[PDB]
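>>> coordinates for the following, if possible.
(chains A and B)
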Amino acid sequence: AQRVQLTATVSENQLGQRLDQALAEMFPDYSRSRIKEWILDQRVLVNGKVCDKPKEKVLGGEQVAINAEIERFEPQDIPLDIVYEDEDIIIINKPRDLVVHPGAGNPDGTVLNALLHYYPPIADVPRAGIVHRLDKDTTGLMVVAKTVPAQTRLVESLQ
RNA sequence: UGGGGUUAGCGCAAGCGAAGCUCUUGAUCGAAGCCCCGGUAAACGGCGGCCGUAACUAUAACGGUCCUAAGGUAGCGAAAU
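Numbering: from 1, shown residues only, chains lettered A, B, ... in the order given. Find the structure here:
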């Protein structure tokens, strides 16, 4: 939650169009659907009045004020079956339903997040030292080099 | 209102031109209707895309977007591609 006021004035080139679009150009960081849900939440004021109809036609000469909240990967505790661990290489047996790289929808609970929790400063190496990808539905051995010179030798070996 | 035709007359003429009549452009009056606003879907109708995730767990529901008003609720799935 990041409660920051957002007030802006609509120009004269948004004539005859709806509410979701008008806030979109003036606020590039937030798109139509993100704007749409907050409109339905009765937390956006137009001309000092709250609106309930996103399909309204607004042209100009209006002061819209959004008074609401706004908002790398947080590590999570995941059980990992360590096979071999030392100062240069890390051999891990990846269990079932565990993806090696988080995406849009899995901020925490992956191999990279678990490795962050397992060793905090592991974020120094790119991609937390993973060299090859593997499907989450498939279990098997995964190799991670602890030190960054080992990263260069490993990627060159696969080439 | 404007213009044209005709002519009592004014002009030794070219022409102009009173009144009346006529033809034509058409200012003001001019509502409905058309749009416009809010409802009306047991009215006619519509409930789709583009990127990426698992879920194929007991029930099939979760994110990020288009220029759309809106993306399928339960029910039942091998269905109409």
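>>> could you use CA atoms for every contact and neighbour count after this?
Noted.
>>> which residue is nearest the centroid of chain A?
In chain A, the centroid-proximal residue (CA atoms, centre = their mean) is residue A:104; its distance is 6.1 Å.
>>> that residue in helix, strand or coil?
For residue A:104, the secondary-structure state derived from DSSP: H, G, I helix; E, B strand; the rest coil is coil.
>>> can you list the neighbours in contact with the lengthiest helix in chain A?
If you go by DSSP state H, chain A has its longest helix at helix A:148-158. Identification of contacts with helix A:148-158 by CA atoms under 8 Å, 6 or more residues apart in numbering yields A:88, A:125, A:129, A:131, A:145.
>>> just say helix, strand or coil for residue A:36.
Under three-state DSSP, residue A:36 comes out as helix.
>>> and it, how far from RNA strand B?
8 Å (CA to the nearest atom of the strand, to the nearest Å).
>>> just checking, that residue touches residue A:55?
No. Distance between residue A:36 and residue A:55: 10.0 Å, which falls outside the contact criterion (CA atoms under 8 Å).
>>> please enumerate the shared neighbours of these two.
Common contacts of residue A:36 and residue A:55 (CA under 8 Å, 6+ apart): residue A:20.
>>> the more surrounded of those two?
residue A:36 (17 against 12; other CA atoms under 10 Å).
>>> helix or strand for the closest residue to the more buried one other than its chain neighbours, which one?
The shortest distance from residue A:36 to any non-neighbouring residue, by CA to CA, 6 or more residues apart in numbering, is to residue A:20 (6.0 Å). Using DSSP states H and E, residue A:20 maps to helix A:19-26.
>>> packing partners of that helix?
Under the contact definition 3 or more CA pairs under 8 Å, 6 or more residues apart in numbering; DSSP states H and E, helix A:19-26 sits against helix A:32-40.
>>> just checking, what packs against the helix it packs on?
Judged by 3+ CA pairs under 8 Å, 6+ apart, the packing partners of helix A:32-40 are helix A:19-26.
>>> wait, does the helix it packs on make contact with RNA strand B?
Yes. Contact of helix A:19-26 with RNA strand B (CA under 7 Å from any atom of the strand) involves residue A:21.
>>> contacts for that helix next, please.
By CA under 8 Å, 6+ apart, the residues outside helix A:19-26 that reach it are A:8, A:10, A:14, A:30-33, A:35-36, A:54-58.
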